[PDB]
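Data first, discussion second: the structure below is written as structure tokens.
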Number of protein chains: 2
Amino acid sequence: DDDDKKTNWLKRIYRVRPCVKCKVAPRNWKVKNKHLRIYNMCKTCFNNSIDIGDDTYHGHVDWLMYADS
Amino acid sequence: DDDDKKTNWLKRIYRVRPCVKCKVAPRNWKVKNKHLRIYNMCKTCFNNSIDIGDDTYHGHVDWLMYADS
Ligand SMILES: Nc1ncnc2c1ncn2[C@@H]1O[C@H](COP(=O)(O)OP(=O)(O)O)[C@@H](O)[C@H]1O
Ligand SMILES: Nc1ncnc2c1ncn2[C@@H]1O[C@H](COP(=O)(O)OP(=O)(O)O)[C@@H](O)[C@H]1O
Ligand SMILES: [Cl-]
Ligand SMILES: [Zn+2]
Ligand SMILES: [Zn+2]
């Protein structure tokens, strides 16, 4: 089943690349209708980046959650 | 740059999972407007599957080619 290839990929994509900033925590994310938005940082490091004034790691990658578009 | 995280992922996704049927050739694919469609089989095994009457591996996974949806 093709939807499961996509789901297992997202599961892996999410797991093997932690927060770009602290490198250990997993990334923040949310579901935005038909896509999964994976933010570049965990929530702790994102808030911290505002405080310290660094917007270098700000960003996200959206992933279609289904196999067919 | 976020578009590049998506591109490098697709590059990897495409490379580490060859044809589901013969297991060596890389998969067929095409660009369908804003998505990359990765078919489950290379072209040789897909045509062959019609000939032998097996539709078990028929299918594809579409991937949004950009970071933002
Ligand atoms: N945890 C995070 N790590 C990195 N960047 C983030 C994080 N949370 C938000 N951002 C960035 O801040 C902005 C807010 O995004 P978001 O709230 O998803 O947009 P929208 O409100 O349109 O859904 C975007 O640039 C997003 O990439
Ligand atoms: N190389 C291949 N491997 C596996 N399945 C395939 C392959 N080529 C086509 N198919 C399947 O046959 C059908 C034809 O798909 P496609 O021509 O992409 O649709 P469309 O013409 O709407 O763009 C779909 O079920 C597709 O998944
Ligand atoms: Cl996707
Ligand atoms: Zn972090
Ligand atoms: Zn093959």
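Values below: every heavy atom of this structure, side chains too, minus hydrogens, waters and symmetry copies. The chains referred to below are lettered A, B, ... by the order of the sequence lines, with proteins before strands, and numbering in each begins at 1.
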inquiry  = So which atom in B:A25 and which in B:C22 form the shortest heavy-atom distance, rounded to 0.1 Å?
reply    = N-SG, 3.5 Å
request  = Identify the heavy atoms of A:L10 and A:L36 that sit nearest to each other, and give their distance.
outcome  =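 Smallest heavy-atom distance, with atoms named: CD1-CD2, 4.3 Å.
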If we only count heavy atoms from C-beta on, is the [X] to [Y] side-chain gap below 4.5 Å?
X: A:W9; Y: B:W63; answer: yes
X: B:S69; Y: A:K32; answer: yes
X: B:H35; Y: B:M65; answer: no
X: B:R37; Y: B:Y39; answer: yes
X: B:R27; Y: B:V20; answer: yes
X: B:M41; Y: B:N28; answer: no
X: A:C19; Y: A:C45; answer: yes

Interatomic spacing from [atom1] in [X] to [atom2] in [Y] - rounded to 0.5 Å:
X: B:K30; Y: B:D62; atom1: NZ; atom2: CG; result: 9.0 Å
X: A:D51; Y: A:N47; atom1: CG; atom2: CG; result: 7.0 Å
X: A:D54; Y: A:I52; atom1: CG; atom2: CD1; result: 5.0 Å

Honestly curious: do [X] and [Y] fall in one hydrophobic cluster under the side-chain, below-4.5 Å linking rule?
X: A:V16; Y: A:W29; value: yes
X: A:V61; Y: A:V31; value: yes
X: B:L64; Y: A:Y66; value: yes

message = Is it true that, when you exclude A:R17 itself, more than 12 heavy atoms of the residues, nucleotides or ligands shown sit nearer than 6.0 Å to its CZ?
response =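 For A:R17, atom CZ is not crowded (no more than 12 foreign heavy atoms under 6.0 Å).
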request  = Count the heavy atoms belonging to other residues, nucleotides or ligands that lie under 6.0 Å from NZ of B:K6, then report whether that count exceeds 12.
outcome  = yes
message = Working note: A:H58 + A:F46, criterion ring-ring contact (aromatic ring centres under 6.0 Å, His included); need CA distance, chi angles, decisive distance, verdict.
response = CA-CA 8 Å; A:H58 290 189; A:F46 177 68; 5.0 Å; yes
ask   = Pick from B:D1, B:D3, B:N8, B:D2: which one makes a side chain to side chain donor-acceptor pair (under 3.5 Å) with B:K5?
value =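 Among the candidates, only B:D2 passes.
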